[PDB]
Each structure stands twice: as C-alpha cells, then as structure tokens.
Amino acid sequence: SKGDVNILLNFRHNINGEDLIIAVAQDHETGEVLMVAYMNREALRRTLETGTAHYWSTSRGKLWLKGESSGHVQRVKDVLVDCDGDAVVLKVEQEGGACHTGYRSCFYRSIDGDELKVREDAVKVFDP
Amino acid sequence: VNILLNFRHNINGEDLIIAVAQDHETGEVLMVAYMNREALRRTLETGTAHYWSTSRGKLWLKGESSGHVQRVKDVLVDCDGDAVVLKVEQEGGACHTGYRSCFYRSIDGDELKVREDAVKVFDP
C-alpha cells in the first residue's frame with residue numbers, strides 16, 4: 001500500500017521514546033509554510049492512507065488528525081522527502097486555519113529588531 | 001531576541017528550535033535543520049544561516065565549505081516560539097547532492113522519485 005512507503009524513511013529524531021521525522025505543512029498554491037510538527041511511523045502511514053495530515057503530539061503523547069476538533073483538516077496533495085529521508089514537506093489544502101490562535105499560519109509573527117511582532121499581512125481566518 | 005524563543009527540541013542534551021529555510025522569492029522549502037541558541041544568535045548577527053548539527057555536535061555555517069551560503073532576509077516565528085522560518089537568498093544549492101532543495105523527491109505512489117520540478121544546480 002501507499003502507506004507502506006514509510007519503511008523507506010528514517011524516523012531518527014527521538015523525543016521521549018518516540019522515533020520521529022520532521023514534517024513541514026505548506027500551502028500547495030501560495031507556498032506559505034503553515035506549521036512545523038513531528039510524525040511517528042503511524043502518523044505518516046495514516047497520512048498516506050487517507051490523504052489527510054496526521055501528526056504526533058510530543059506534549060499529548062499520541063498521534064492526532066489535524067483538525068480533529070476544529071474541522072480544520074489538511075488535505076495532502078504531495079509529500080516531498082528530505083535527502084536523508086528523515087523529514088517531509090506536505091503540500092496541503094488547508095481548511096480554515098492551521099493555528100489554534102485563528103491565524104492561517106502558525107508563523108504569524110516575525111523578528112523585528114529585538115521584539116516579535118504580528119506580521120501585517122498575516123490573516124486571522126477565524127476567532128477561537 | 002533569543003529570550004523571546006523557546007528552545008526545547010532536546011537531542012543529545014542541547015536545547016533547540018527547528019528552522020525551515022525557504023527561498024525568499026519562490027517560496028520553495030530548501031531544507032530543515034535545528035538551531036541552538038548560538039546558531040540563531042549568530043544567524044541574526046551575520047545575516048547568514050547558522051545551524052546546529054546534532055550529529056557533529058557543533059555549530060554549522062551553511063556553505064562554510066561549498067560557498068553556498070544562505071543570506072537571511074526575514075525570520076518568522078512559530079506560535080509557541082520553538083520553530084522558525086528563514087526567508088533566504090540561496091547561493092548555489094542547499095543540498096550536497098547538487099540539487100537546489102533537499103526536498104528534490106516526492107512519494108509517487110510507492111517509491112521516492114525525483115520531482116520533475118527538481119533542478120540540479122551543481123554536480124558534487
């Protein structure tokens with residue numbers, strides 16, 4: 001199956017006992033990086049099986065479907081792989097916003113001098 | 001600025017944040033790597049991407065040997081401050097395989113195949 005390709009990747013980033021790869025979610029049309037998270041073997045396999053983004057929560061200690069509660073799922077259109085196979089870029093179609101704060105992207109702030117300010121071109125898609 | 005970020009991606013006993021190098025013009029993700037406090041500190045000071053090699057256990061200036069440095073134009077920060085996006089101008093290629101981006105392959109059904117939009121900048 002498609003999900004079985006996971007055997008070709010290297011989950012060598014260990015965080016609290018779970019072997020993981022780094023995953024970057026990117027808007028398939030605009031190219032904007034929406035979020036960064038980890039995936040364990042099962043999360044990648046399920047992502048490939050359903051075509052919807054699944055990640056591994058290090059704080060929650062379990063894999064979860066992005067949008068499990070908000071409905072803000074990420075439909076995966078392409079999965080790019082790192083040269084060493086331990087990270088991937090997911091080209092996605094983002095429903096709602098990727099961040100729980102309401103912004104489309106988790107990266108709604110930027111370094112300005114010695115402070116972190118909300119970008120003026122950032123978009124708050126919804127209000128939590 | 002380091003005070004505003006949250007280093008916690010612990011690997012081999014070293015507080016880190018995840019850095020995503022993205023082409024400032026095309027938006028293509030060129031590579032992903034970790035940064036320790038010093039790596040980021042030096043990146044902001046020099047304007048050139050500095051990373052932390054978890055394997056080498058030492059600081060690393062991208063292109064310090066190949067000359068393929070990444071000039072930082074902007075730095076975006078994650079909501080919880082443990083990840084950043086580096087908007088950069090890439091000299092040459094970001095990958096030692098010679099390709100423009102480390103992510104020059106995609107899962108095509110059941111294998112890892114070179115992307116048709118993958119461009120091999122140089123030959124190692």
# chains A, B, ... in the order shown; residues from 1 in each chain; ligands from 1
$ interface_residues --of "chain B" --to "chain A" --cutoff "6 Å" --atoms "only C-alpha atoms" --output "ChimeraX atom specification"
/B:1,27,75-79,102-103,105-107,109-110
$ write_last_selection --atoms "N, CA, C and O atoms" --output "PDB file, in the first residue's frame"
ATOM      1  N   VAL B   1      16.922  38.669  21.303  1.00  0.00           N
ATOM      2  CA  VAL B   1      15.731  38.012  20.691  1.00  0.00           C
ATOM      3  C   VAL B   1      15.609  36.568  21.160  1.00  0.00           C
ATOM      4  O   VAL B   1      14.504  36.034  21.268  1.00  0.00           O
ATOM      5  N   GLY B  27       9.477  30.712  -2.655  1.00  0.00           N
ATOM      6  CA  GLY B  27       8.724  30.081  -1.585  1.00  0.00           C
ATOM      7  C   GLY B  27       9.037  28.606  -1.400  1.00  0.00           C
ATOM      8  O   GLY B  27       8.468  27.947  -0.527  1.00  0.00           O
ATOM      9  N   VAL B  75      12.850  36.483   9.337  1.00  0.00           N
ATOM     10  CA  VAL B  75      12.694  35.337  10.223  1.00  0.00           C
ATOM     11  C   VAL B  75      11.287  35.321  10.811  1.00  0.00           C
ATOM     12  O   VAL B  75      10.888  36.250  11.512  1.00  0.00           O
ATOM     13  N   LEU B  76      10.536  34.263  10.515  1.00  0.00           N
ATOM     14  CA  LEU B  76       9.176  34.122  11.030  1.00  0.00           C
ATOM     15  C   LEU B  76       9.223  33.184  12.232  1.00  0.00           C
ATOM     16  O   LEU B  76      10.017  32.246  12.252  1.00  0.00           O
ATOM     17  N   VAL B  77       8.378  33.432  13.231  1.00  0.00           N
ATOM     18  CA  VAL B  77       8.373  32.613  14.442  1.00  0.00           C
ATOM     19  C   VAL B  77       7.061  31.875  14.705  1.00  0.00           C
ATOM     20  O   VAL B  77       5.977  32.424  14.507  1.00  0.00           O
ATOM     21  N   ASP B  78       7.186  30.630  15.163  1.00  0.00           N
ATOM     22  CA  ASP B  78       6.053  29.757  15.478  1.00  0.00           C
ATOM     23  C   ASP B  78       5.260  30.334  16.651  1.00  0.00           C
ATOM     24  O   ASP B  78       5.793  31.109  17.447  1.00  0.00           O
ATOM     25  N   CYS B  79       3.992  29.946  16.762  1.00  0.00           N
ATOM     26  CA  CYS B  79       3.128  30.444  17.832  1.00  0.00           C
ATOM     27  C   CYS B  79       3.663  30.155  19.232  1.00  0.00           C
ATOM     28  O   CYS B  79       3.420  30.926  20.166  1.00  0.00           O
ATOM     29  N   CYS B 102      16.789  20.190  -0.613  1.00  0.00           N
ATOM     30  CA  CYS B 102      16.992  18.845  -0.079  1.00  0.00           C
ATOM     31  C   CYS B 102      15.771  18.024  -0.468  1.00  0.00           C
ATOM     32  O   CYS B 102      15.853  16.813  -0.671  1.00  0.00           O
ATOM     33  N   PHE B 103      14.633  18.698  -0.563  1.00  0.00           N
ATOM     34  CA  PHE B 103      13.386  18.031  -0.899  1.00  0.00           C
ATOM     35  C   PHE B 103      13.168  17.922  -2.404  1.00  0.00           C
ATOM     36  O   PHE B 103      12.160  18.388  -2.937  1.00  0.00           O
ATOM     37  N   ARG B 105      12.751  15.120  -4.043  1.00  0.00           N
ATOM     38  CA  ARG B 105      11.987  13.911  -4.346  1.00  0.00           C
ATOM     39  C   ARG B 105      10.634  13.943  -3.645  1.00  0.00           C
ATOM     40  O   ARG B 105      10.466  14.609  -2.623  1.00  0.00           O
ATOM     41  N   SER B 106       9.674  13.216  -4.201  1.00  0.00           N
ATOM     42  CA  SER B 106       8.352  13.126  -3.608  1.00  0.00           C
ATOM     43  C   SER B 106       7.893  11.674  -3.645  1.00  0.00           C
ATOM     44  O   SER B 106       8.404  10.864  -4.427  1.00  0.00           O
ATOM     45  N   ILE B 107       6.953  11.332  -2.774  1.00  0.00           N
ATOM     46  CA  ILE B 107       6.425   9.978  -2.755  1.00  0.00           C
ATOM     47  C   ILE B 107       5.479   9.884  -3.939  1.00  0.00           C
ATOM     48  O   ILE B 107       4.461  10.574  -3.981  1.00  0.00           O
ATOM     49  N   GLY B 109       3.335   7.306  -5.311  1.00  0.00           N
ATOM     50  CA  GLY B 109       2.685   6.015  -5.237  1.00  0.00           C
ATOM     51  C   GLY B 109       3.303   5.072  -4.224  1.00  0.00           C
ATOM     52  O   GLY B 109       2.753   4.875  -3.139  1.00  0.00           O
ATOM     53  N   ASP B 110       4.450   4.492  -4.566  1.00  0.00           N
ATOM     54  CA  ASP B 110       5.103   3.549  -3.668  1.00  0.00           C
ATOM     55  C   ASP B 110       6.625   3.705  -3.624  1.00  0.00           C
ATOM     56  O   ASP B 110       7.312   2.934  -2.958  1.00  0.00           O
TER      57      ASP B 110
END
$ select_by_dssp --residues "chain B" --states "alpha helix (DSSP H)" --output "PyMOL selection string"
chain B and resi 37-46
$ closest_residue --among "A:63, A:76, A:98, A:7" --to "residue 47 of chain A" --atoms "only C-alpha atoms"
A:76
$ residues_around --residues "residue 16 of chain B" --least-positions-apart "5" --cutoff "10 Å" --atoms "only C-alpha atoms" --output "PyMOL selection string"
chain B and resi 5-11+33-40+51-52+54+82-83
$ atom_distance --atom1 "atom CA of residue 125 of chain A" --atom2 "atom CA of residue 28 of chain A"
17.4 Å
$ atom_distance --atom1 "atom CA of residue 32 of chain B" --atom2 "atom CA of residue 53 of chain A"
18.8 Å
$ decode --residues "segment 4-35 of chain A" --atoms "N, CA and C atoms" --output "mmCIF file, in the first residue's frame"
data_model
loop_
_atom_site.group_PDB
_atom_site.id
_atom_site.type_symbol
_atom_site.label_atom_id
_atom_site.label_comp_id
_atom_site.auth_asym_id
_atom_site.auth_seq_id
_atom_site.Cartn_x
_atom_site.Cartn_y
_atom_site.Cartn_z
ATOM 1 N N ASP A 4 2.793 2.046 3.166
ATOM 2 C CA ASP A 4 3.953 1.205 3.440
ATOM 3 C C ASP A 4 5.286 1.823 3.027
ATOM 4 N N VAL A 5 5.237 2.889 2.238
ATOM 5 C CA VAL A 5 6.463 3.555 1.809
ATOM 6 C C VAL A 5 7.206 4.088 3.034
ATOM 7 N N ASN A 6 6.503 4.172 4.160
ATOM 8 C CA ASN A 6 7.105 4.667 5.392
ATOM 9 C C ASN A 6 8.383 3.919 5.742
ATOM 10 N N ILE A 7 8.502 2.680 5.275
ATOM 11 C CA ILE A 7 9.686 1.882 5.571
ATOM 12 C C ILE A 7 10.945 2.480 4.947
ATOM 13 N N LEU A 8 10.765 3.284 3.906
ATOM 14 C CA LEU A 8 11.894 3.903 3.226
ATOM 15 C C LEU A 8 12.401 5.146 3.947
ATOM 16 N N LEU A 9 11.588 5.706 4.838
ATOM 17 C CA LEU A 9 12.009 6.893 5.577
ATOM 18 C C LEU A 9 12.693 6.530 6.889
ATOM 19 N N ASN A 10 13.476 7.468 7.410
ATOM 20 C CA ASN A 10 14.225 7.256 8.642
ATOM 21 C C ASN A 10 13.743 8.118 9.803
ATOM 22 N N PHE A 11 13.022 7.490 10.728
ATOM 23 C CA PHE A 11 12.481 8.170 11.902
ATOM 24 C C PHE A 11 13.556 8.161 12.977
ATOM 25 N N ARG A 12 14.565 9.005 12.800
ATOM 26 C CA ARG A 12 15.687 9.037 13.730
ATOM 27 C C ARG A 12 15.767 10.175 14.728
ATOM 28 N N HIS A 13 14.691 10.938 14.874
ATOM 29 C CA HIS A 13 14.687 12.011 15.854
ATOM 30 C C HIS A 13 13.887 11.456 17.023
ATOM 31 N N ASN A 14 14.565 11.139 18.118
ATOM 32 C CA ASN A 14 13.864 10.584 19.262
ATOM 33 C C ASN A 14 13.489 11.625 20.301
ATOM 34 N N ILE A 15 12.192 11.735 20.554
ATOM 35 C CA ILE A 15 11.682 12.662 21.547
ATOM 36 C C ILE A 15 10.831 11.882 22.532
ATOM 37 N N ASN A 16 11.370 11.693 23.730
ATOM 38 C CA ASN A 16 10.676 10.974 24.786
ATOM 39 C C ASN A 16 10.288 9.546 24.417
ATOM 40 N N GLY A 17 11.172 8.860 23.699
ATOM 41 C CA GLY A 17 10.914 7.478 23.334
ATOM 42 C C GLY A 17 10.262 7.215 21.991
ATOM 43 N N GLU A 18 9.744 8.254 21.348
ATOM 44 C CA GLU A 18 9.097 8.067 20.054
ATOM 45 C C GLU A 18 10.034 8.480 18.925
ATOM 46 N N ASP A 19 10.193 7.596 17.943
ATOM 47 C CA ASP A 19 11.046 7.858 16.789
ATOM 48 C C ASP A 19 10.241 8.721 15.824
ATOM 49 N N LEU A 20 10.817 9.842 15.409
ATOM 50 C CA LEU A 20 10.077 10.757 14.558
ATOM 51 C C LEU A 20 10.821 11.375 13.382
ATOM 52 N N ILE A 21 10.036 11.893 12.440
ATOM 53 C CA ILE A 21 10.574 12.631 11.306
ATOM 54 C C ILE A 21 9.948 14.013 11.472
ATOM 55 N N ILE A 22 10.596 15.026 10.909
ATOM 56 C CA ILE A 22 10.098 16.393 10.982
ATOM 57 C C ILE A 22 9.185 16.619 9.780
ATOM 58 N N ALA A 23 8.025 17.221 10.016
ATOM 59 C CA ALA A 23 7.068 17.482 8.945
ATOM 60 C C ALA A 23 6.742 18.969 8.834
ATOM 61 N N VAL A 24 6.823 19.491 7.615
ATOM 62 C CA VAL A 24 6.517 20.892 7.361
ATOM 63 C C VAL A 24 5.272 20.949 6.482
ATOM 64 N N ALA A 25 4.225 21.618 6.960
ATOM 65 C CA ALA A 25 2.991 21.761 6.188
ATOM 66 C C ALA A 25 3.075 23.068 5.404
ATOM 67 N N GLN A 26 2.861 22.988 4.094
ATOM 68 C CA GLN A 26 2.946 24.157 3.219
ATOM 69 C C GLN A 26 1.738 24.264 2.288
ATOM 70 N N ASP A 27 1.204 25.476 2.141
ATOM 71 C CA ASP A 27 0.054 25.711 1.263
ATOM 72 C C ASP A 27 0.461 25.315 -0.155
ATOM 73 N N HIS A 28 -0.278 24.386 -0.754
ATOM 74 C CA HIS A 28 0.065 23.905 -2.088
ATOM 75 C C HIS A 28 0.005 24.953 -3.192
ATOM 76 N N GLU A 29 -0.753 26.023 -2.990
ATOM 77 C CA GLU A 29 -0.819 27.044 -4.027
ATOM 78 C C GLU A 29 0.020 28.286 -3.738
ATOM 79 N N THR A 30 -0.039 28.802 -2.513
ATOM 80 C CA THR A 30 0.721 30.006 -2.170
ATOM 81 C C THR A 30 2.161 29.760 -1.729
ATOM 82 N N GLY A 31 2.448 28.540 -1.282
ATOM 83 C CA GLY A 31 3.791 28.211 -0.835
ATOM 84 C C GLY A 31 4.099 28.632 0.592
ATOM 85 N N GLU A 32 3.134 29.252 1.265
ATOM 86 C CA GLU A 32 3.351 29.695 2.637
ATOM 87 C C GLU A 32 3.471 28.512 3.593
ATOM 88 N N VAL A 33 4.474 28.555 4.466
ATOM 89 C CA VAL A 33 4.664 27.491 5.448
ATOM 90 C C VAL A 33 3.619 27.719 6.535
ATOM 91 N N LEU A 34 2.745 26.731 6.712
ATOM 92 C CA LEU A 34 1.660 26.814 7.679
ATOM 93 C C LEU A 34 2.004 26.343 9.085
ATOM 94 N N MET A 35 2.842 25.317 9.192
ATOM 95 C CA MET A 35 3.215 24.806 10.506
ATOM 96 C C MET A 35 4.306 23.754 10.417
#
